[PDB]
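Report on the following structure.
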Ligand SMILES: CCCCCCCCCCC(CCCCCCCCCC)(CO[C@@H]1O[C@H](CO)[C@@H](O[C@H]2O[C@H](CO)[C@@H](O)[C@H](O)[C@H]2O)[C@H](O)[C@H]1O)CO[C@@H]1O[C@H](CO)[C@@H](O[C@H]2O[C@H](CO)[C@@H](O)[C@H](O)[C@H]2O)[C@H](O)[C@H]1O
Ligand SMILES: CCCCCCCCCCC(CCCCCCCCCC)(CO[C@@H]1O[C@H](CO)[C@@H](O[C@H]2O[C@H](CO)[C@@H](O)[C@H](O)[C@H]2O)[C@H](O)[C@H]1O)CO[C@@H]1O[C@H](CO)[C@@H](O[C@H]2O[C@H](CO)[C@@H](O)[C@H](O)[C@H]2O)[C@H](O)[C@H]1O
Ligand SMILES: Cc1c(CC(=O)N2CCC[C@@H]2C(=O)O)c(=O)oc2c(C)c3occ(-c4ccc(Cl)cc4)c3cc12
Ligand SMILES: Cc1c(CC(=O)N2CCC[C@@H]2C(=O)O)c(=O)oc2c(C)c3occ(-c4ccc(Cl)cc4)c3cc12
Ligand SMILES: Nc1ncnc2c1ncn2[C@@H]1O[C@H](COP(=O)(O)OP(=O)(O)OP(O)(O)=S)[C@@H](O)[C@H]1O
Ligand SMILES: Nc1ncnc2c1ncn2[C@@H]1O[C@H](COP(=O)(O)OP(=O)(O)OP(O)(O)=S)[C@@H](O)[C@H]1O
Ligand SMILES: [Mg+2]
Ligand SMILES: [Mg+2]
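Residue numbers (the entry's author numbering), protein chains in the order written: chain B, 1 to 264; chain D, 1 to 264; chain A, 1 to 270; chain C, 1 to 270.
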């Protein structure tokens with residue numbers, strides 16, 4: 001079909017310091033060399049419309065960095081990303097203030113998200129109905145519990161209509177009754193032929209939601225393709241890893257971290 | 001055996017305000033009456049040594065309030081709690097500062113928890129080995145990822161040796177390899193015949209970990225007893241609730257919230 | 001040329017959003033106070049009182065200036081200083097404090113310091129109305145010349161805003177900037193006609209000539225001309241007007257250029 | 001009697017913890033600065049410079065006091081003021097800011113404002129050593145009388161600490177307290193011998209007699225007696241010593257009583 005997201009040679013580097021003298025010397029001297037850490041390294045993948053892609057890998061692999069670079073909140077050191085369409089991110093807790101009440105927080109967050117005044121006025125009652133807070137919609141958010149804060153954040157955030165959606169480790173929130181509502185909303189979102197990027201550790205959710213898999217290891221793209229051809233490979237690697245000794249796991253992690261650090 | 005925790009007629013009330021004039025008038029006038037919200041209401045239960053008790057209920061029920069009152073961070077309006085032994089709480093993210101490095105954060109958090117200098121010096125290397133950060137132990141915590149922050153917090157926090165332990169919705173953190181380590185630690189904690197309070201929504205984890213169930217509904221203690229006599233009842237209630245209409249659920253929630261509010 | 005156009009368009013298209021966010025900030029700041037937003041007037045008033053006892057009663061032995069009682073001279077001269085001080089001190093910190101809440105959203109980033117400034121402009125307007133009302137008890141009633149405020153109250157705002165547009169970027173790249181302004185602003189308070197009037201024709205003459213290079217000089221003198229002296233200020237001091245307009249334009253241009261040059265990498269420095 | 005005993009025991013048993021937490025706070029505050037902790041000395045120094053140009057060069061036309069150059073008089077008199085100002089202003093906010101991090105842990109809660117004060121006492125000690133070294137260039141060398149500092153530097157610390165022990169509790173119950181101190185501290189700066197000396201024998205005589213009820217009077221005058229005048233200060237002013245000791249005791253007693261009365265319900269007000 002049509003390419004919606006196109007990532008070409010994206011690289012992300014960071015500079016590692018030990019004392020303030022090192023930081024100042026690097027800031028001043030143009031030639032000064034220091035250690036450099038490669039968070040990402042030469043990532044290339046093409047996404048199509050209607051593709052649901054799940055990102056998999058161990059801690060520190062670099063999937064939040066990639067989803068921030070796709071989301072637009074972070075910029076590559078090298079390479080480029082071409083987006084066809086508008087991009088949105090599910091970050092439920094971002095715009096909530098404990099000093100404000102729930103009704104005020106709806107307007108505050110919808111304003112920060114980019115909505116116009118008439119749309120905010122029109123869609124406030126539906127959000128209030130969805131969140132199911134009741135009377136506590138008239139109270140400061142600092143008097144809430146954790147589940148109610150999550151429910152309000154999710155209800156405000158799910159009102160977007162983008163072309164590209166990014167979800168980072170939150171598919172459903174609340175108790176057993178709210179989770180079904182959240183899952184139904186996400187499945188409706190998938191039904192409309194929208195491109196979705198999804199980061200998770202729940203492999204059952206990945207199997208029942210995604211259609212493509214992106215395997216990230218050591219800041220690199222290990223593999224990329226259909227779910228039924230790639231997910232079994234990652235699962236086999238995972239099951240093999242649990243069967244090594246502690247020294248073998250330490251050696252594997254040290255070898256992985258060796259290639260990510262370079263003096264330059 | 002011996003009663004370890006004894007809760008008698010614990011009640012918790014809150015005062016609800018709409019404008020600053022109401023708040024000031026209540027502050028000044030001694031007789032002024034206002035709305036009052038009953039977060040808890042006449043909770044009584046006896047806990048024994050070696051009991052693992054799981055707290056269950058829907059959003060807003062009052063289990064975090066009860067676990068804070070048991071933990072000692074909150075005080076009852078009426079009634080009293082008698083603890084036999086020292087009490088600890090698993091709050092992994094509490095003492096972490098993004099400005100400090102990991103090694104500094106270990107000492108900072110262990111000092112705030114109440115340890116002495118010699119113990120901190122003796123147990124730092126084991127914590128460093130457990131967290132499995134590697135070189136990033138020498139970097140500020142604000143350069144970490146989410147999984148690494150959780151791993152460091154858990155590794156620092158699991159070093160306590162209390163008589164009563166309180167866990168609020170975190171049994172394991174990290175990827176698939178770290179979760180087994182966390183579960184093994186928690187099972188070892190259970191093996192030593194320690195009293196544990198556990199708050200969760202994962203009913204499989206509750207079935208495989210706890211031995212008693214405390215059902216909280218509308219700020220009240222619906223039921224209390226053995227796992228195999230109480231958990232099926234809560235599961236039956238939960239399965240019945242999903243089969244009502246939206247109006248029936250709204251009516252149930254409104255009826256529940258009616259009894260919690262009183263003018264006085 | 002493109003940076004100026006981008007920042008100008010972003011500010012012009014979002015007037016309502018700027019006002020709404022400023023109001024929400026005012027609500028957030030005073031949330032737990034028993035008095036509420038009243039402190040937005042109470043804090044500036046008390047500071048004036050102290051400044052009257054030290055510099056009016058102690059020094060000067062309560063001596064009038066230019067045929068006017070010293071209390072009203074000081075009152076009209078100091079009304080805009082708290083707005084300038086607070087606006088700059090918090091606009092320097094605005095982006096560092098508020099980038100992460102809107103980074104994931106598509107937001108006009110150049111308007112972040114401006115609404116922080118507007119939240120202080122509200123209290124300035126309240127205090128200025130109070131000062132004009134208080135000046136009527138001595139016998140100083142509004143004249144036609146008061147219409148000059150329609151040029152002078154806006155200009156002050158613009159000046160403050162322009163400065164923050166630079167110092168918000170500088171404060172992200174180098175944090176030590178936040179410690180420098182505290183020392184600079186103090187120099188701008190005492191070397192200005194807010195509390196005292198230089199003698200001129202002497203060693204104080206050079207100090208007066210250097211003081212004329214402070215924009216606060218023009219702001220205070222123009223306010224006093226409109227409210228107290230009943231004079232058309234620009235009929236004798238249009239060169240100072242041109243100098244201050246040039247200053248505001250220079251600050252806005254440099255701030256826009258730097259902001260559009262570095263905004264895409266703000267996550268690195270934060 | 002029990003509240004005093006509890007607070008005293010909690011402070012005595014945790015000397016090392018107080019020092020360590022103060023050091024961690026100093027590290028946290030200056031994390032992103034290029035210069036680092038050097039600002040802990042740079043900020044107080046610059047403020048002195050301005051105060052020399054305004055009150056020494058402008059007013060007074062650089063006139064000596066009591067046979068000493070004005071610069072050293074002011075330098076010795078102002079060295080402890082920044083510590084007092086900052087210590088009180090942040091000790092009033094300490095519990096509100098730091099209760100939630102230690103609430104779940106079993107922690108001595110009365111030591112929270114004290115380590116916030118200690119983090120400023122460090123910079124005070126550095127500045128005082130610099131001032132004593134700088135006084136040697138004119139020809140004022142240390143004498144035996146300098147040993148008096150062993151009573152006077154501690155007392156100052158205690159005074160500040162006692163005040164915070166009250167104003168930390170008051171700041172949790174009523175937030176508006178945080179806005180009042182800003183106005184009170186200013187009054188305590190100008191009605192003190194830090195910048196000027198009252199005339200006495202006149203209308204200034206009553207002001208001098210009222211000024212003697214300020215503890216800052218005793219602090220500055222005792223420091224100057226030990227460093228500049230080569231005099232045993234207590235041989236003529238032991239009544240002021242007793243008055244100030246009584247003040248510190250009263251503040252400590254009231255603060256301990258209120259803190260132990262309300263500490264169990266701090267989560268309600270926060
Ligand atoms: C008390 C005083 C103490 C000392 C004061 C500070 C001394 C200077 C410090 C330098 C400093 C302050 C700004 C300085 C100028 C601002 C004022 C301007 C005038 C004001 C009236 C920026 O310095 C600027 O860095 C820019 C980099 O964007 C660079 O931009 C352009 O350059 C060319 C055209 O200039 C143009 O061709 C080029 O395309 C541009 O990039 C500028 O040239 C350079 O001046 C901050 O240091 C920065 O730290 C950053 C990590 O936080 C770091 O970026 C990251 O890059 C990689 C990507 O991940 C990765 O490796 C790391 O993440 C990290 O390395 C920067 O490299 C480093 O420099
Ligand atoms: C610009 C100025 C604006 C106005 C200024 C403020 C006006 C006064 C406001 C009153 C105020 C400030 C402190 C006042 C004195 C402090 C200075 C002392 C002297 C200083 C030199 C506290 O006031 C104090 O409240 C105490 C309550 O602990 C009470 O303590 C003792 O009383 C008896 C012996 O006094 C003794 O028998 C008794 O056992 C003690 O309880 C005190 O008597 C009373 O004075 C704050 O208001 C408080 O708000 C709290 C919710 O945050 C609220 O507590 C909660 O209680 C329930 C439990 O969940 C639940 O219903 C709610 O959660 C809530 O209701 C308090 O009820 C309310 O009062
Ligand atoms: C008067 C004064 C000089 C002048 C001074 O002292 N000087 C300088 C050279 C000549 C003359 C002298 O030789 O004494 C000063 O510098 O600061 C002051 C500060 C910091 C002051 O805060 C408060 C007062 C004050 C307030 C009310 C009343 Cl009713 C009375 C007083 C106050 C006066 C002076
Ligand atoms: C001198 C002065 C009076 C005194 C004054 O103006 N008075 C009061 C009654 C008599 C006399 C007068 O009638 O003019 C004052 O009040 O504030 C001042 C402020 C706020 C000042 O900040 C800076 C200076 C200053 C600094 C350096 C140099 Cl080299 C020169 C100046 C400065 C002087 C005065
Ligand atoms: N500012 C930074 N400076 C240096 N390294 C960083 C910085 N931010 C992130 N990193 C490192 O970049 C790597 C990738 O981090 P992330 O992408 O956030 O983690 P992740 O792959 O999503 O895995 P999780 O979230 O822990 S399961 C890790 O080694 C981080 O420590
Ligand atoms: N400060 C407060 N003032 C008024 N009501 C409060 C306050 N804190 C909590 N509540 C209410 O007390 C009730 C119990 O809250 P919690 O015990 O925190 O929630 P919970 O039972 O743990 O359920 P979760 O965590 O959302 S699954 C809820 O209705 C809260 O809104
Ligand atoms: Mg992540
Ligand atoms: Mg909870």
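A virtual CB, placed ideally from N, CA and C, is assigned to each residue, including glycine.
Taking the CA atoms as reference points, residue 112 of chain A sits about 11 Å from residue 112 of chain B. Around the C-beta of residue 5 of chain C, fewer than 16 other C-beta atoms lie within 10 Å, and the residue is accordingly described as exposed.
Boundaries of the beta strand (DSSP E) around residue 38 of chain D: 35–48. One residue after another in chain order, those with a Cβ under 6 Å from a heavy atom of ligand 8 are B:145, B:146, D:64. For residue 82 of chain B, the closest of B:9, B:28, B:189 by C-alpha to C-alpha distance is B:9. In the DSSP assignment, the residues bridged to residue 6 of chain D are D:46, D:82.
In the structure shown, the three-state DSSP call for residue 231 of chain A is coil.
Across the set B:249, B:90, B:250, B:135, the C-alpha of B:135 shows the shortest separation from the C-alpha of residue 253 of chain D. Taking 9 Å as the cut-off, the Cβ atoms of residue 91 of chain A and residue 172 of chain A do not count as close. DSSP places residue 262 of chain B inside the beta strand (DSSP E), whose first and last residues are 261–263.
Residue state for residue 113 of chain C is assigned as helix, using DSSP reduced to three classes. For secondary structure counted as the alpha helix (DSSP H) over 4 or more consecutive residues, the region 193–230 of chain D holds these complete runs in sequence order: 203–209. Contact of residue 171 of chain A with chain D by beta-carbon distance below 9 Å is absent, the smallest such distance being about 17 Å. Using a Cβ-Cβ cut-off of 9 Å, residue 223 of chain C does not count as an interface residue toward chain B, since no Cβ of chain B sits closer than that to its own. Under a criterion of Cβ atoms nearer than 9 Å, the residues of chain C adjacent to residue 20 of chain B are, in order, 33, 34, 35, 36. Residue pairing of residue 145 of chain B in beta bridges, as defined by DSSP: absent, with no partner found. Residue range 149–173 is occupied by the alpha helix (DSSP H) that includes residue 149 of chain C. Residue-level contact by beta carbon fails for residue 120 of chain C and chain A, as no gap is shorter than 9 Å. Taking 9 Å as the cut-off, the beta carbon of residue 110 of chain A is found closer than this to the beta carbon of residue 7 of chain A. When DSSP states are grouped into helix, strand and coil, residue 19 of chain B belongs to the coil group. A Cβ of chain B is located within less than 9 Å of the beta carbon of residue 238 of chain D. Just measuring C-alpha positions, the residue of B:238, B:143, B:84 sitting nearest residue 180 of chain D is B:238.
Considering only beta carbons, the part of the region 51–66 of chain D lying closer than 7 Å to chain B consists of 58, 59, 60, 64, in chain order. Look at the beta carbons and you see the region 195–203 of chain D not touching the region 108–123 of chain D: under three pairs across the two are nearer than 8 Å. Residue burial is scored here from C-beta neighbours: residue 97 of chain C has fewer than 16 other C-beta atoms within 10 angstroms and is therefore classed as exposed. Membership of residue 168 of chain B in the beta strand (DSSP E) is indicated by the continuous run 164–168.
Residue-level contact by beta carbon fails for residue 13 of chain C and chain D, as no gap is shorter than 9 Å. C-alpha of residue 216 of chain A to C-alpha of residue 34 of chain A: approximately 35 Å in a straight line.
Interface with chain A (9 Å Cβ-Cβ cutoff): residue 97 of chain B is included. When DSSP states are grouped into helix, strand and coil, residue 132 of chain D belongs to the coil group. Relative to ligand 5, the beta carbon of residue 85 of chain B is positioned no closer than 8 Å to any heavy atom.
Interface flag for residue 214 of chain C against chain A is unset, since no Cβ pair is found closer than 9 Å.
Chain B places no beta carbon closer than 9 Å to that of residue 13 of chain D, leaving this residue out of the contacts.
Per the Cβ contact rule, the region 239–250 of chain C is not in contact with the region 199–210 of chain C (fewer than 3 Cβ pairs under 8 Å). Of the heavy atoms belonging to ligand 5, at least one sits nearer than 8 Å to the Cβ of residue 59 of chain B.
Distance from the CA atom of residue 137 of chain C to the CA atom of residue 49 of chain C, rounded to whole angstroms, is 18 Å.
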